[PDB]
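**Q** Let's see this in three dimensions:
(chains A, B, C, D, E and F, ligands or ions: 6)
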6 protein chains.
Amino acid sequence: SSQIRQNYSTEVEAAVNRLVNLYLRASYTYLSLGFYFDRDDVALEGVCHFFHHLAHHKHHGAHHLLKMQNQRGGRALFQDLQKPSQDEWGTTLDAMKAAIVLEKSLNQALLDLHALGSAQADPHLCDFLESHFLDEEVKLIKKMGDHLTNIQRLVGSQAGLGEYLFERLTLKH
Amino acid sequence: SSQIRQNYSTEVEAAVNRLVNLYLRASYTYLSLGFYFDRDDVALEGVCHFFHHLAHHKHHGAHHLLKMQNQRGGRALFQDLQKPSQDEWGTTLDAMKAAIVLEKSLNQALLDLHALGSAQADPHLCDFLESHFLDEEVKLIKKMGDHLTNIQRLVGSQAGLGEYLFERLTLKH
Amino acid sequence: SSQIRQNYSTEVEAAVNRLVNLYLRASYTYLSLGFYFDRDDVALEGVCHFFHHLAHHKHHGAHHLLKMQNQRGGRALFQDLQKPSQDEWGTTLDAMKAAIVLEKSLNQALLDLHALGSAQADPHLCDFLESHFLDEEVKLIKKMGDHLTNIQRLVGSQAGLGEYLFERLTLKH
Amino acid sequence: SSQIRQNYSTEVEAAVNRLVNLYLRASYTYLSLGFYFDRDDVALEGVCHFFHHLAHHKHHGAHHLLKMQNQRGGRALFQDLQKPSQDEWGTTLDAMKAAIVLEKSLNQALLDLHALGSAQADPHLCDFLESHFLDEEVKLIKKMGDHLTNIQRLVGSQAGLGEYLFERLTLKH
Amino acid sequence: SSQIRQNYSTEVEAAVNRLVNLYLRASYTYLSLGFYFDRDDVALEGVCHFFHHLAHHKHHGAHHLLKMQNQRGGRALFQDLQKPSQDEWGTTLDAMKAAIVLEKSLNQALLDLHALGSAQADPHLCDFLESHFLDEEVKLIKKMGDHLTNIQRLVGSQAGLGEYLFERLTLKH
Amino acid sequence: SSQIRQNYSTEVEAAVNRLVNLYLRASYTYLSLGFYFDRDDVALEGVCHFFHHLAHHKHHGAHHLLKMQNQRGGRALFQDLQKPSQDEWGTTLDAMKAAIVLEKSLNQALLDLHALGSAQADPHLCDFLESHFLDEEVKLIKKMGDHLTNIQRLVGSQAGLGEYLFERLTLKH
Ligand SMILES: [Cl-]
Ligand SMILES: [Cl-]
Ligand SMILES: [Cl-]
Ligand SMILES: [Cl-]
Ligand SMILES: [Cl-]
Ligand SMILES: [Cl-]
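**A** Numbering: from 1, shown residues only, chains lettered A, B, ... in the order given. Ligands and ions are numbered 1, 2, ... in the order given. Okay, here it is:
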């Protein structure tokens, strides 16, 4: 029986715990993507840094959701975290395609939770997602789309050259 | 067929991937312990900070192991991460007892891997564990033992008072 | 046959060598007291620092006596140093009681040597003890008495709580 | 008859002198590789700087081994230094392949000496190699493997373009 | 029954307490050597400073061993400290010969304990001795050997002149 | 067929490669001389530093010759480097006599190459040797002659004393 809980539905509490799982799964996926690009037989430092920074960002997102759960008087509940969908991530292009799929799934989870908060008349939850997550997701997906276009442009008939140039001249090393 | 791999056994490579799993499980356990102490109905900030800093340290340990795996020409392989052993962690004393159990299990995993590296005549692996992990673990376990003794001293017949004073005067808020 | 010795009795020379033994025994006792309080199953950092600083002070006292022995043209002679009187030192209260007993024995040795110097009309020795040792001893014994009173006040019927609070709020960590 | 020698086998002393020869041969090989890339008809400044910095590093390694030989009470003995295996070093790719072969041979010599020190119960020698050489070698071989992968990616069907871009955008000029 | 002890044999615990005794005996020997050189009838300030700095170093070594004993969950046990082997230490040459004998005995005690730790599969103990003591001992013995050679060179048929010049031009005053 | 080579005879090109061999042999000789003086049973730090600085200078000379070979469009060709003429170098006097013999042989090689350049009407080569090498050699030989005179003065009938004083008061430690 919570001393602080007010206007915080069990449905939102549960959805917040599921979204924490999704963010931690996303962080784990980005950890795996980064270390694949660090392999001596892949060796694309800028791609490794791009994904490791996203791993840190998704962990921070989980921390914000868990802090908000406690601020509202909900109860953090952790589930098993599934391994990433692949052990090897192919080319930079394959990896950036897999990343935008992942981000679109996170974005839909955020929109779904926002819609539940709207239906539950939970404006604190709706504001929380707007201020911490919805514009970060739109900006990240726009950046990944920009990268996909530049990677695609660079394939031509010299894939290796393009993959090197993208990593050297667009990403940070 | 690795261009860099030299003196790096498949047995060590696999053991390193298992130890990464153990460190990431430990990080997840500390995430759960920290957010339990952040609950409005628990509210021990110094205990929350103690465990969240350990969560970050264990994540960094996993990152070091994964960097070393790639430096040696091994292949990072990620498995499902099991949820922490509890959803609620009891008193500071219960939590610090669970933490020293966890740390003793990590320490034994480090000693086991060191012994495998010794048997495989892999001095780079042995040095790596000595320089990054074995003394950090001894120092952390000594610190937890010191804390257990101070928590135990403070229980007396006023458990609440002792739990507050330990958090206020030994831990950092 | 000393080129510098003047007004320096064989009795004082010998007493100075015995007092060096007493100071080095005191330093050793404080080394043992400090490491007992550093044990994981004792874990009172401020008590450990209190005694280790006294170990350093008593070593410096021995160094001053040995420097003065050579300045007067006496001959330093070292004897076996006996181990401390205990291997385990009980509570902070037991330890501070043992420390004030030790300090009272040092103080009496200083007064005895001062009286011998007075009888031998050795004003340099008398001045030396007044300026380096007699007021330091009075001040240290007064400080230990103050601590004993505060420790005693804190025992009540919650010994553990009192022992923690004294270490946290009077001693330095 | 050495005044300082203790626990330092004739076998280790001799192996240390042979390893000094290997390091000085490696320094000489890197001197030759660097000046080949400085030729007006090769003209890859970043490749010249990469190899000349390794020449300096291998000379410093020899100096450390010779200092340690004297610290242990062994006797430095110098042998003829063989010229490098080639007069002309082909492409950047040929040169980086020859460098990783050379480094793998140095690394095996270090592991062999570490194993001899282990068998001779010479922990100072084992520590010395761990602290000065084994991780530097692993890190250098990982860096060369990363470079090989990037050079290979860049060959495509425009070898010249790739060789220029690698030197301009990965190496330092 | 220790809350922290893990992989720490009773054999190592006892050997660590004996090595503490050896270090404190060494500190006491250096205290006596330093004050002999401070005598008005010896008066070699640089030799006095050389030995007093070693006395401080050996005391610090004992403190490190005692800290590590508690970090591992062993129990510090102190024994009587025997007086130094001599009351008067002869020439600088006699004293530096006695010092290198002492250091070789400490070094053998360190190697013996390292070998016991190796046999007990105690890599934390082995690392601890490597990182804190084995190279300091090799470096100190090399320095003493260098000094012995310079002192020996200076004896000629004017021992006094040589002893003065060594103290003035090699040691620090 | 060189794009840059102009007025650069095959005779000079070959002589430059031989002089590189002589400089690298000289560097190796100075490496051996320096480590002999670092021995615990020789222990003359200033003599060790004197020779190690010359080893570095002779390596730099080789680097200048090799840079100039490429600037002129000649081709660096490396030969086996012979070990130094001795394993042990006797007294400071023996060593400084061997050094001035070595320097006189380098100086004659420089004069011989200058004479060949003069005969070949190669003023760039002649200027190069004048500006980088001929005055450095004259100055170094003058310094060694000055040292020989001071060492010789100091032998008297107390060789050891003189050898110590020269190292302490003329050379740098
Ligand atoms: Cl799965
Ligand atoms: Cl589970
Ligand atoms: Cl006793
Ligand atoms: Cl050859
Ligand atoms: Cl005795
Ligand atoms: Cl030869």
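
**Q** Quick one: the helices in chain A, in order.
**A** For chain A, the helices defined by DSSP state H cover A:10-37, A:45-72, A:92-119, A:123-129, A:135-155, A:159-169.

**Q** and residue B:11, which of the ones you listed is closest to it?
**A** Proximity to residue B:11 (CB to CB) singles out helix A:10-37 among these, at 20.5 Å. From N, CA and C alone the C-beta is placed, and that goes for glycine too.

**Q** about what we covered before: and of the helices of chain A, who's closest to residue D:23?
**A** With CB to CB as the criterion, residue D:23 lies closest to helix A:45-72 of those, at 29.1 Å.

**Q** so what does the closest one touch, helix or strand wise?
**A** Contacts defined by 3 or more CB pairs under 8 Å, 6 or more residues apart in numbering or on different chains; DSSP states H and E place helix A:45-72 against helix A:10-37, helix A:92-119, helix A:123-129, helix A:159-169, helix B:10-37.

**Q** Tell me which of those sits nearest to chain F.
**A** Smallest distance to chain F across the helices and strands packed on helix A:45-72 (CB to the nearest CB): 27.9 Å, for helix A:159-169.

**Q** Okay, angle between that closest one and helix A:135-155 too, please.
**A** Angle of helix A:159-169 versus helix A:135-155, following axes from the mean of the first three to the mean of the last three CA atoms, to 10 degrees, is 140 degrees.

**Q** elements contacting helix A:159-169?
**A** Packing partners of helix A:159-169 (3+ CB pairs under 8 Å, 6+ apart): helix A:45-72, helix A:92-119, helix A:135-155, helix D:135-155, helix D:159-169.

**Q** Format these as a markdown table; extra columns: distance to residue F:89 and mean neighbour count.
**A** Shown next, in a markdown table, are these (distance: least, CB to CB, whole Å; neighbours: other CB atoms under 10 Å in any protein chain shown):
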| stretch | distance to residue F:89 | mean neighbour count |
| --- | --- | --- |
| helix A:45-72 | 49 | 19 |
| helix A:92-119 | 59 | 17 |
| helix A:135-155 | 62 | 14 |
| helix D:135-155 | 31 | 20 |
| helix D:159-169 | 44 | 17 |
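
**Q** Out of those, the one nearest residue B:43 is which?
**A** In terms of CB to CB, the element of the helices and strands packed on helix A:159-169 nearest to residue B:43 is helix A:45-72, at 9.7 Å.

**Q** can you put the helices of chain A in CSV and add distance to residue E:127?
**A** Below are the helices of chain A laid out as CSV (distance: least, CB to CB, whole Å):
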stretch, distance to residue E:127
helix A:10-37, 27
helix A:45-72, 30
helix A:92-119, 39
helix A:123-129, 48
helix A:135-155, 44
helix A:159-169, 39
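
**Q** With respect to residue B:83, which of the helices and strands packed on helix A:159-169 lies nearest?
**A** With CB to CB as the measure, helix A:45-72 is the member of those nearest residue B:83 (13.8 Å).

**Q** out of the helices and strands packed on helix A:159-169, nearest to residue F:143?
**A** In terms of CB to CB, the element of the helices and strands packed on helix A:159-169 nearest to residue F:143 is helix D:135-155, at 36.9 Å.

**Q** do the closest one and chain E meet at all?
**A** No: figure legend: helix D:135-155 not in contact with chain E (CB under 8 Å from any CB of the partner chain); closest approach 14.5 Å.

**Q** relative to helix B:45-72, how tilted is that helix?
**A** Angle of helix D:135-155 versus helix B:45-72, following the same axes, to 10 degrees, is 70 degrees.

**Q** got the CA positions of helix D:135-155 in PDB?
**A** This file holds the C-alpha atoms of helix D:135-155, laid out as PDB (Å, rounded to 0.1, in the frame of the first residue of the first chain):
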ATOM      1  CA  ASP D 135      50.800  -6.700 -23.300                       C
ATOM      2  CA  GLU D 136      52.700  -4.300 -25.600                       C
ATOM      3  CA  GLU D 137      53.200  -7.200 -28.100                       C
ATOM      4  CA  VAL D 138      49.500  -8.200 -27.900                       C
ATOM      5  CA  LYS D 139      48.400  -4.600 -28.400                       C
ATOM      6  CA  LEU D 140      50.800  -4.100 -31.400                       C
ATOM      7  CA  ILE D 141      49.800  -7.300 -33.100                       C
ATOM      8  CA  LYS D 142      46.100  -6.400 -32.700                       C
ATOM      9  CA  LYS D 143      46.800  -2.900 -34.200                       C
ATOM     10  CA  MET D 144      48.700  -4.600 -37.200                       C
ATOM     11  CA  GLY D 145      45.800  -7.000 -37.700                       C
ATOM     12  CA  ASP D 146      43.400  -4.000 -37.700                       C
ATOM     13  CA  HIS D 147      45.600  -2.300 -40.300                       C
ATOM     14  CA  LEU D 148      45.800  -5.500 -42.500                       C
ATOM     15  CA  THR D 149      42.000  -5.700 -42.500                       C
ATOM     16  CA  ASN D 150      41.700  -2.000 -43.600                       C
ATOM     17  CA  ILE D 151      44.500  -2.300 -46.200                       C
ATOM     18  CA  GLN D 152      42.800  -5.500 -47.600                       C
ATOM     19  CA  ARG D 153      39.400  -3.800 -47.800                       C
ATOM     20  CA  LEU D 154      41.000  -0.900 -49.800                       C
ATOM     21  CA  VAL D 155      42.600  -3.000 -52.500                       C
END
